[PDB]
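Sharing a structure here in C-alpha cells format.
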Amino acid sequence: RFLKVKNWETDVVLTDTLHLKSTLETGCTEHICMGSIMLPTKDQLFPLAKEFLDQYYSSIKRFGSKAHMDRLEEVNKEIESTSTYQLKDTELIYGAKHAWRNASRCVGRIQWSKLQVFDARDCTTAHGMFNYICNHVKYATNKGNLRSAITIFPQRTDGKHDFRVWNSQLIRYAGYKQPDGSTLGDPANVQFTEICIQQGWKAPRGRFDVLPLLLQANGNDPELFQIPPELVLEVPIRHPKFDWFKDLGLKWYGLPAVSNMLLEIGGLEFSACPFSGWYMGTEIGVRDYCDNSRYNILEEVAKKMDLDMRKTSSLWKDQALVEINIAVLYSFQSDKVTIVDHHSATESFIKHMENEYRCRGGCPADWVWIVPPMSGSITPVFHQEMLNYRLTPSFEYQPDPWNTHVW
Amino acid sequence: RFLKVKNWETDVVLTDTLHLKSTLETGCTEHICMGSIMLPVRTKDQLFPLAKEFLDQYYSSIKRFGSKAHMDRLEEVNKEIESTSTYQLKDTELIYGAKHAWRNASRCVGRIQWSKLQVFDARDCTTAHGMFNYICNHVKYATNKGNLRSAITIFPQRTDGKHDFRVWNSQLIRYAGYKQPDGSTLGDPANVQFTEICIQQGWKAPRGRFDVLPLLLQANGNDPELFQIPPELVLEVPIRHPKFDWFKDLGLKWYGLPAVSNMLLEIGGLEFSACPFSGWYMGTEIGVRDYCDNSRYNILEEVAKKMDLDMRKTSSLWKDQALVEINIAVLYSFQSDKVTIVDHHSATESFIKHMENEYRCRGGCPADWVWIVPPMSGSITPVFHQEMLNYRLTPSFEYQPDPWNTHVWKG
Ligand code: HEM
Ligand code: HEM
Ligand SMILES: CN[C@H](C)Cc1cc(C#N)cc(OCc2ccc3c(C)cc(N)nc3c2)c1
Ligand SMILES: CN[C@H](C)Cc1cc(C#N)cc(OCc2ccc3c(C)cc(N)nc3c2)c1
Ligand SMILES: C[C@H](O)[C@H](O)[C@H]1CNc2nc(N)[nH]c(=O)c2N1
Ligand SMILES: C[C@H](O)[C@H](O)[C@H]1CNc2nc(N)[nH]c(=O)c2N1
Ligand SMILES: [Zn+2]
C-alpha cells in the first residue's frame, strides 16, 4: 500500500505515499487499465472546502490553529448561507499553483511554484476579459523572456452564468477547408475557425492567421476580439545548416497559453482560467508540424532533403523529423525566445520527481504523456516507472462551449 | 458492459467486449494507475476450474462446444487431476494454447503473425543434453538461413516445483558482458551477471565484445549444465551504414534470431517454465535499445563524434540525429544480408490492422500502449494516436524469477 517506483536505467527507487491522499478516480479497474485513454450542491461543497483548507493551513504550518478553525468556521457559515463561498487571495494563489503541481501529464512542473496568478474575479464583461487577457499575454511574453502565468475569471455559479474562453489556446493559427479538398493553415482549428467566421470574423485565409479571441462573460453570447499583433510574439523557422528551410515559409508563436480547461479549487469551479508557460520544442516540431492530422510537412521536408522516400525502412520520416525539430529549437534560441528541448525538460522532470518524493511523498505522473513524442528511450523518463493518480486542486477538461451554450 | 477506444488521428472507434472474458488482475485500481510499472506449487484444488475454462475456449474455437468430445475430455481431465493431481494436454491443445498465449501478449507489437507459430513439443525431454538438442533444432529451423520463421519449443510442465525445467539464459542467443577492474564494461552490460554465472560454472570466456553465451540448461530440477551452440547455427550480421563508410569500423554486429527463453507459458492452469520462443527483430529493438540505451552498448557518443556533431549542448539534438543513423544502419545491414527484419513504421502499421481485425472477429485486443509505441519517433507511428485497453487473458506468457535466485543446488 506504500508503493515503490523504480528507474531501470539508474536503479533509483522512490516510495510513494502521496497517492493515499488521492480522492478522484483514474478510470482504471483491477481488471482493466485505461492508461492510454485521452478522456476516461451545498452538500458536496463543504467537505471539498474543508479538505482544501486543511491542506492549505498545513502548507503554511498552521494546521489546527485559531486561524485554521476560524477560517473553517467562516467558510462553513458562508456555504450554508450563500450556497457557495469565495477564496481568500492567498488560497487562490495556493490553489492555482497546486493545480499545476498536480497536473500528472505536465512534464514542465519543476517550475510550479513560480506561477504568476492574476485575480480577474472582478471581471464582468467580454471587453473586460479581453483587457485581462491582453495584460496576461504581454506579461507572460515579456519580449521573449517568457514567464508562467494564469488569469482567473469569476467562478461558476449556476452554470447559466459561465465565464468561458472559446479558444483552445489564446494564440492559435486559423484552419480553412479548401474547395480543392484539403486544408489550409491549421487543420486542428478548422471548426473553431469556421465558428469565428460564422460569428463575423473577416478571415485573411492565410497559412498562419492568428485567430481572434472569442470571449464569453457571465453566460452571454461570446464576442470577437483581435489580439494586438505587437502582443503576439512569433518566431520564423530556419535551419542552422539548411538554407532552403526558410523557403518553406514556416513560423510559430512563442506563447503556449491553454484556455479551455477548468480549474477546480476546494470544490469551486473556474471555467475560464487561461494559463501559459513556454514550449517544449517537440510540441511544435513533432506534433504541430508532423502529425498527419496537422501541418504534416514531413513529406515536403524530406523531399527537399532528397531522401529515399520509396520505402519506410530508409527512416526518411525519422531523419526529417529530427531536422525539423533542430530548426524549431535553433530558431527560438536565435530570436531569444524561451524554449526547452525534450532532453533538458525530461531531465528536469526526473529531478522534479526526486524533489517531490523527497519533500512531499510522491508525484503523480502519466508516463503516456510525459515521455516525449520523439526519441523516447534516449530520454530519462522512458526508463522511469511512474504512478498516476488524481490530486486536487486540479485542471480538468470541460465541454466545448458551442455544444452547450444556450444562445 | 461495452467499452470504446478511439484512434485520434483517424477518428476510428472500436468496441471492446473481450475485456469481459478477463480474469487476472492488472495492478491498477480506481484510484491508481500502474500502467508504467515493469512488473505489477499450484494444487489440484484450484486447477480444474482453470482446466475447464481452457477446454471451453479450446472447444469453442473448433466449433465443438458441448459436443461429446468436449464433455468426455472434461471428464477425462477431471479424473486425471483428482487422480494424478495434474494433467496432460493433447497436442492439439498445446498448439492452441501456445498460439493464444502469443495472441494475448498485450505488450507484443508483432501479433499479426500469432497464428503462424511453429510449435515444437519437447515434453518427452528428460535431460539437459536432450534440451540442448531440442534447442539446436529450434534455432536451425527458426533461422532458416535468414528467412526467419516463428517457433516455440515446449519442455515438460512444472510438477511440484522441485523438478523444474529452465533455460537459464534470458535469450537463446546473447552476447557476453564483462565487468572490468577499472569499472568499464566489455560486451553487453545487460548480461554481466549471467556471464559471471557461466564463467563460474566452468565456461571459458573469450572475453571479447561479441561472444555468444553458452546455453545453461536445467532439466527436472537438476543443477544446470553448459552447452555451446554450434557457431554455424548462429546467424550474425555485421552492421554497416549505407552512406557512412566509417560505420563498419565501429566493429558492430548483432545476431539475427531474437529468442526469449526466461518466460513461463501458462495453459489451462499448467505451467511451462521452459518454453523458448522466437520470431524476428524490429529494427529499433537493436538500434535504439541494444545499442543506445545508456545501460547497454551505448554507442551514441562514438557515433556522434564520427558524424562530427555539436555535442556541446543537448538542444543540438545530436543524440536524436545519431540515433536515426544507427537505426538506419541496422535495417540496411539485415536487409542487405537477406535476414528478416521489420522497421518500426511497417510493424506499427501492421499492428493497427491486426488490432482492428481482432476487435471485429474477437471483440477486442488487449494492448499495452507503453510497450507498443516504438522507443523512437513515437508520434509519427500510428499506434501513438491509438487508444488501447490493457487486460490479462489466458493462455499467457508470464514473468518468472531468475532461476539462480530460487534454485536448490545439488552439488
Ligand atoms: C513552463 C513550461 C511548461 C512546459 C515545458 C510544459 C509542458 C507540457 C507538455 C509537453 C505537455 C504535454 C501535453 C501536450 O503534448 O500537449 C503538458 C501538459 C499539461 N500542462 Fe504543462 N508545461 C509548462 C507549463 C505549464 C503551466 C504554467 C501550466 C498550468 C499552470 C501547465 C499545465 C498543464 C496541464 C494541465 C497539462 C495536461 C493537460 C491535459 O490533461 O491534457 N503547464 N505540459
Ligand atoms: C515475429 C515477430 C515479432 C516481433 C516483431 C515482436 C516484437 C515485440 C516487441 C518489440 C516487444 C517489446 C519488447 C521490448 O521492446 O523489449 C515484444 C514483446 C513481447 N513479445 Fe513479441 N514479437 C514477435 C514475435 C513474438 C513471438 C513469436 C512471441 C511468442 C510466441 C512473442 C511474445 C512476446 C511477449 C510475451 C512480449 C511481452 C514481453 C514482456 O512482457 O516483457 N513475440 N514483442
Ligand atoms: C497534443 N495534446 C492534445 C491536443 C490534447 C490536449 C487537450 C487539451 C485540452 N483540453 C489541452 C492540452 O494541452 C496540454 C498543455 C497544456 C498547457 C501547456 C503549457 C501551459 C505549456 C506548454 N508548453 N504545453 C502545454 C500543454 C492538450
Ligand atoms: C528491453 N525489454 C526488457 C529487457 C524487458 C523484457 C523482459 C522479458 C522477460 N522476462 C522479456 C522481454 O522480451 C520481450 C520480447 C519477447 C519476445 C520477442 C520476440 C519473440 C521477438 C522480438 N522481436 N522481440 C521480442 C521481445 C523484455
Ligand atoms: C518504466 C517503463 O515502464 C519501462 O522503461 C518500459 C517502458 N516501455 C517499454 N517498451 C518496450 N517496447 N520495451 C521496454 O523495455 C519498455 N520499458
Ligand atoms: C492515444 C494516446 O492516448 C494519445 O495519442 C495521447 C498519447 N500521448 C500523448 N502525449 C502528449 N504529450 N500529448 C498527447 O496529446 C498525447 N496523446
Ligand atoms: Zn491503469
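Just so it is clear, the values below take in all heavy atoms, side chains as well, and ignore hydrogens, waters and symmetry mates. To find a chain, count down the sequence lines: A is the first, B the second, and so on, and within it residues start at 1.
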Checklist outcome for this item: A:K311 meets the salt bridge (charged side-chain N to carboxylate O under 4.0 Å, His left out) criterion, sequence neighbours left out, with A:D308
Item to check | Over-ring placement of B:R174 relative to B:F194, 6.0 Å and 45° cut-offs | outcome: no
Item to check | Taking every non-hydrogen atom, the tightest pair across B:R289 and B:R296 | outcome: O-CG, 3.5 Å
Checklist outcome for this item: Heavy atoms of B:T348 and B:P382 approach each other most closely as OG1-CD, 3.4 Å
Next on the checklist: Between A:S22 and A:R390 (side chain of the first, backbone of the second, donor and acceptor by atom type, cut-off under 3.5 Å), is there such a pair?
Outcome noted: yes
Item to check | For the student: nearest non-hydrogen atoms of B:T26 and A:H31, plus distance | outcome: CG2-C, 3.4 Å
Checklist entry - Which atom pair, heavy atoms only, marks the closest approach of B:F384 to B:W369? => result O-NE1, 3.1 Å
Checklist entry - Is it true that B:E349 and B:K353 make a salt bridge, defined as a side-chain N closer than 4.0 Å to a carboxylate O? => result yes
Checklist entry - Does the ring of B:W102 carry B:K99 above it, NZ/CZ under 6.0 angstrom from centre and within 45° of its axis? => result no
Next on the checklist: Test side chain to side chain donor-acceptor pair (under 3.5 Å) on B:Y255 and B:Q171; report intermediate values, then the result.
Outcome noted: CA-CA 11 Å; B:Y255 49 89; B:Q171 288 175 41; 3.0 Å; yes
Checklist entry - Salt bridge check: are B:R123 and B:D91 linked by an N-O gap of less than 4.0 Å? => result yes
Checklist entry - Shortest non-hydrogen contact from B:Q386 to B:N7? => result OE1-ND2, 2.9 Å
I'd like a table of donor-acceptor pairs (distance under 3.5 Å, sequence neighbours excluded) in which one partner is a side-chain atom from residues 38-48 of chain B, with atom names and distances.
| residue | atom | partner | partner atom | Å |
| --- | --- | --- | --- | --- |
| B:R42 | NH1 | B:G269 | O | 3.0 |
| B:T43 | OG1 | B:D45 | N | 3.4 |
| B:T43 | OG1 | B:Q46 | OE1 | 2.5 |
| B:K44 | NZ | B:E82 | O | 3.1 |
| B:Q46 | OE1 | B:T43 | N | 3.1 |

Item to check | Ring-face cation contact, B:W114 with B:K116, 6.0 Å cut, 45° max | outcome: no
Checklist entry - Could you walk me through whether B:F351 and B:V383 pass the side chain to side chain contact (heavy atoms under 4.5 Å, CB included) check? => result CA-CA 8 Å; B:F351 180 76; B:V383 290; 3.9 Å; yes
Checklist entry - Would you say the side-chain atoms of B:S396 and B:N104 include a donor-acceptor pair closer than 3.5 Å? => result no
